[PDB]
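Visitor:
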Amino acid sequence: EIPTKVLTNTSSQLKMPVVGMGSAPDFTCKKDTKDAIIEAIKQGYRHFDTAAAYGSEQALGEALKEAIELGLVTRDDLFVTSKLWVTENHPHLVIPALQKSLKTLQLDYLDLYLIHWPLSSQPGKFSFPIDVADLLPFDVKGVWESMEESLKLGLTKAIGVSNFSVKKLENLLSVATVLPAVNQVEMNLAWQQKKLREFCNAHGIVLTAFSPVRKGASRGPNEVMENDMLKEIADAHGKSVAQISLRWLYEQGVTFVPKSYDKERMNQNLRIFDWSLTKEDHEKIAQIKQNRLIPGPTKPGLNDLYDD
Ligand SMILES: NC(=O)c1ccc[n+]([C@@H]2O[C@H](COP(=O)([O-])OP(=O)(O)OC[C@H]3O[C@@H](n4cnc5c(N)ncnc54)[C@H](OP(=O)(O)O)[C@@H]3O)[C@@H](O)[C@H]2O)c1
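Residue numbers for the sequence shown follow the authors' numbering, so the first one is 5 and each next one is one higher.
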């Protein structure tokens, strides 16, 4: 069985499958999203991660709906996460945005809803990347109050954030009634987020790693897949570097949402629970040179976005 992790900051101690299926745009992918999700469900996947900005909510929803109709799974068995985009990251636009995501997904409620970025921009139109001139002041307190309201309305079972630094989390905590249940940030062998991870643990905030395999080969040379030391570790275990990566993340106590629409690869991402890394493996991995893969959604980039 796929392990779950309790979302400490939720009153009901919701259980989130430690590994989930991602759905962000894959530059080199022409696979059928809906068909891929159905296959994932048949394989054991129950945790699905999406966002209004991915363009995948529609297909994901069609897949869940069909899967439920065919009796492959029940809504209660699923854990669905979506996110509030930067353009709607304004106090009074939060609920409408969540209602729109729910309509698109053909769902009555989300298991988790996250503020996608600690940024706000011109409302009413999705534009990517975001032109810095279209940015607007982000009212954290006001937006979070609306996320909290979403819980009371039952539109989502839990609320959290994404791409929030320790500094920004500290600010959020100072004005939050309901503490964020999750913080989804980039986390892979080349970007371990040690400090952030410790802070989150100290505050009951569960971490979810996005781009856990640094987007595979969709963006050219993969720093992790090309790491000789990692290749040796994988070779020693008779596993792939991707598997070594996901196992490490699991052992670090975080959750992760690798995206794979390949029947074989998506299954390999689940086969990480009957074996483990060695003390030496951890010592080696702790030595990997760090490099952040995802800079931010704006053009140009914001050098202080992650407060680091
Ligand atoms: N909140 C945010 O700001 C944010 C940002 C980015 C991503 N995400 C989340 O992460 C997911 C999107 O993907 P990603 O950016 O995270 O990248 P990723 O999972 O690190 O990498 C995905 C790429 O790796 C390939 N792959 C998957 N398993 C593999 C394996 N075992 N061996 C080799 N290649 C493998 C995939 O398919 P192919 O090899 O078949 O192409 C794909 O091209 C979504 O859930 C999304 O929500 C969130």
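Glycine is no exception: its CB is placed at the ideal position from the N, C-alpha and C atoms.
From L297, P301, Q197, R223, pick the residue whose C-alpha is nearest to that of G257; which is it?
Guide: Of the listed residues, the one whose Cα sits closest to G257 is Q197.
Visitor: Check this for me: beta carbons of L11 and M20, under 8 Å apart or not?
Guide: Against a cut-off of 8 Å, the Cβ pair of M20 and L11 comes out as a contact.
Visitor: Measuring CB to CB, does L18 end up less than 8 Å from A162?
Guide: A162 sits close to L18, with the two beta carbons spaced by under 8 Å.
Visitor: Check the C-beta distance from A56 over to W89 and give it rounded, since I have them as a contact under 8 Å.
Guide: 5 Å
Visitor: Only counting the same chain, and skipping five residues up and downstream in sequence, which positions put a Cβ closer than 8 Å to that of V179?
Guide: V144, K145, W148
Visitor: Starting from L139, follow its DSSP beta bridges and name the residues at the other end.
Guide: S125
Visitor: Take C33 as the anchor and find which of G220, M233, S244 has the nearest alpha-carbon.
Guide: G220
Visitor: In terms of residues, what are the limits of the alpha helix (DSSP H) holding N205?
Guide: 198-206
Visitor: For my contact list, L211 and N175 are in at a C-beta cut-off of 8 Å; report their separation, rounded to the angstrom.
Guide: About 18 Å; that fails the 8 Å criterion.
Visitor: Figure out for me which residue from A71, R269, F31 has the closest Cα to the Cα of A246.
Guide: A246 has its Cα closest to that of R269, out of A71, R269, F31.
Visitor: Span of the beta strand (DSSP E) holding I237?
Guide: Taken as a continuous stretch (DSSP letters only), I237 belongs to no beta strand (DSSP E), being part of the alpha helix (DSSP H) at 232-241.
Visitor: Please classify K293 as buried or exposed, where buried requires at least 16 neighbouring CB atoms within 10 angstroms.
Guide: Exposed is the call here.
Visitor: Cβ of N13 within 8 Å of Cβ of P184?
Guide: yes
Visitor: Is the separation between the beta-carbon of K46 and that of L82 shorter than 8 Å?
Guide: no
Visitor: With a 10 Å radius around its C-beta and 16 neighbouring C-beta atoms as the bar for buried, classify residue 392 as buried or exposed.
Guide: The question about residue 392 has no answer here: the residues shown for the chain are numbered 5 through 312.
Visitor: Inspect the beta-carbon positions of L306 and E190 and report whether they are closer than 8 Å.
Guide: no
Visitor: Do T302 and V165 come within 8 Å of each other at the CB atom, strictly closer than that value?
Guide: The answer is no: Cβ separation not under 8 Å.
Visitor: Please identify the residue among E5, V23, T8, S16 whose C-alpha is closest to the C-alpha of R251.
Guide: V23
Visitor: Can you tell me whether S222 is buried or exposed, with buried defined as 16 or more other CB within 10 angstroms of its CB?
Guide: exposed
Visitor: Nearest to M233 by CA position, among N273, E202, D36, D285, is which residue?
Guide: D285
Visitor: Between which two residues does the alpha helix (DSSP H) carrying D285 extend?
Guide: 283-289
Visitor: Let's test the definition: count the other Cβ atoms within 10 Å of the Cβ of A101 and tell me whether it reaches 16, buried, or not, exposed.
Guide: Classification of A101: buried, given that the 10 Å Cβ count is 16 or more.
Visitor: Looking at the secondary structure, which residues open and close the alpha helix (DSSP H) in which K9 lies?
Guide: Careful: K9 lies outside any alpha helix (DSSP H), inside the beta strand (DSSP E) at 8-10.
Visitor: For a test of your reading of the model: does the CB of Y265 fall under 7 Å from any non-hydrogen atom of ligand 1? Yes or no.
Guide: Yes; taking the cut-off as 7 Å, the Cβ of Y265 has a heavy atom of ligand 1 nearer than that.
Visitor: Looking only at DSSP bridge pairs, what is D53 linked to?
Guide: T85
Visitor: For the structure I just gave you, are there three or more beta carbon pairs, one from the stretch 35-45 and one from the stretch 93-111, closer than 8 Å?
Guide: In this structure the stretch 35-45 does not lie against the stretch 93-111, because fewer than three pairs of beta carbons, one per stretch, are closer than 8 Å.
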